[PDB]
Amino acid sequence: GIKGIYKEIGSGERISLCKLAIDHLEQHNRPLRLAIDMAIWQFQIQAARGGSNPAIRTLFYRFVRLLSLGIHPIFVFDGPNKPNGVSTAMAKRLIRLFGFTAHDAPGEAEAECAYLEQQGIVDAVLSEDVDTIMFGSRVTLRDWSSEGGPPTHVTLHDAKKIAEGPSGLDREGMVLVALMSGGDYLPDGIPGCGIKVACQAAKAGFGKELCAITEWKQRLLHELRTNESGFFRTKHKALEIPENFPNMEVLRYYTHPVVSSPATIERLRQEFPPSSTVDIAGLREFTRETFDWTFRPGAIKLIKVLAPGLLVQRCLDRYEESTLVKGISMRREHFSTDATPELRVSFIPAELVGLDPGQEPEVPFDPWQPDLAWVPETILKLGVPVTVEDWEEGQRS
């Protein structure tokens, strides 16, 4: 589901997640909004030794990476109305602590994700696969990973470019494919079929699928048997077709998937994105209880990990004050960001995060000394414009 689909639509465009975030921020003058299917974690997350709760620990670092990218994420959870070891409660707790949004689909999350995109709530979808396209996604993302090392890239699929050849596969086309082929998921699918043949049926325009039904089935069946119109590579007489085909409690499951109410969509327009303020004291207590980051070493570990992303977040949110950036020392266009212009920024971690390791019991990295980080130039111009200008001025000299 759908097995062999990337042979037809393509594997997709590998692209820096940083580039997407910054390109969108430049074109639309606001941070990228992303719907993330919570199901993508199950196998990336588990397993990743060791220490205490390494599974949710990996989730923590992914969240910090989201902060540094300046993305407004909304995490969608599955609902009971469908036809690892990481607690949902803990996941949702960490989400809120990071100032992110948790959202519960009434049914399947991937359908809700696609729906949110269609309604303009989010700009793109990050999911397990491209099932989201069947539910109406236009820009869908998968495989958030290294390009190993740090997870910097995703694989982008565009529903409009896919529909424009060579597969000619659109939403209705893929629906027919799933309806005809596998089969191992949906009832009353065709035994000998078959993504190659199904895609050929879709390309022949059969993907309508406009609710009676009796006529369509026999035109399609006659074409399969005789290949008169030449819709297929060969004839297909041995391909006998179930009486429960086309199953239609399946059909709309795709064309009208159970998603949030219109009232819920309107609530989200007003309430998403949220204030997005990272709860520092909350994260300190969470990491202590969950990761055993206890005492002064645990506080310093938190500051080190959290300071860069928190720098980005406040830099975007705040839109005389070197309260964020102490200085700039270099410029680069690195391949990991697909040559996205970044500037080498210096900052004071402990001062930025706002925790004092002295208030913690004592049982190298000094959180009070300057630390360095690469931050996208675009983000820096928005938050610390005067600092960026001074650097630009010094470079002209």
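Each form is matched to the other, and the largest set of C-alpha atoms that superpose within 1.5 Å is called the rigid core. All residue numbers refer to positions in the sequence shown, first residue = 1.
Q: After a rigid core fit, does 264-272 or 163-171 show more C-alpha displacement in 4 other deposited structures of this protein?
A: Clearly, after the core fit, the stretch farther away in 4 other deposited structures of this protein is 163-171.
Q: Comparing 212-220 with 134-142, which has C-alphas lying farther from the shown form in 4 other deposited structures of this protein once the core is aligned?
A: If we average over structures and residues in 4 other deposited structures of this protein, the farther stretch is 212-220.
Q: Counting only other entries where the flanking residues are modelled, do a third or more lack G189?
A: Modelled in all the others, so no.
Q: Other compared entries: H72 unbuilt in at least a third?
A: No, none of the compared structures omit it.
Q: Could you bin the unmodelled part of the deposited chain lying between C211 and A212 as none, 1 to 3, 4 to 9, or 10 or more?
A: According to the record, 4 to 9 deposited residues lack coordinates from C211 to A212.
Q: Would you class the number of unmodelled deposited residues between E147 and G148 as none, 1 to 3, 4 to 9, or 10 or more?
A: The entry leaves 1 to 3 residues without coordinates here.
Q: Decide which of the stretches 63-71 and 42-50 has the higher mean C-alpha B-factor, going by the entry.
A: Stretch with the higher mean C-alpha B-factor: 42-50.
Q: Where do the C-alpha atoms have the higher mean temperature factor in this entry, in 235-243 or in 125-133?
A: Taking the mean C-alpha B-factor of 235-243 and of 125-133, the larger value falls to 235-243.
Q: Out of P349, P364, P31, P341, which residue has the highest Cα temperature factor in the PDB record?
A: Result of the comparison over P349, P364, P31, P341: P364.
Q: Among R138, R96, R252, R267, which residue carries the highest C-alpha B-factor recorded in the PDB entry?
A: The record points to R252.
Q: Relative to the other modelled residues of the same chain, rank the CA B-factor of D292 and answer lowest, middle or highest third.
A: Middle third.
Q: Compare the C-alpha B factor of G192 with those of the other modelled residues in its chain, then answer lowest, middle or highest third.
A: CA B-factor rank for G192: highest third.
Q: Would you mind checking where the Cα B-factor of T152 ranks among the modelled residues of its chain, as the lowest, middle or highest third?
A: Middle third of the chain for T152's C-alpha B-factor.
Q: Which third of the chain does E360 land in by C-alpha B-factor: lowest, middle or highest?
A: Highest third - that is where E360 ends up once the chain's C-alpha B-factors are sorted.
Q: Based on the entry's values, in what third of the chain does the Cα temperature factor of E321 lie: lowest, middle or highest?
A: According to the entry, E321 has a C-alpha B-factor in the chain's highest third.
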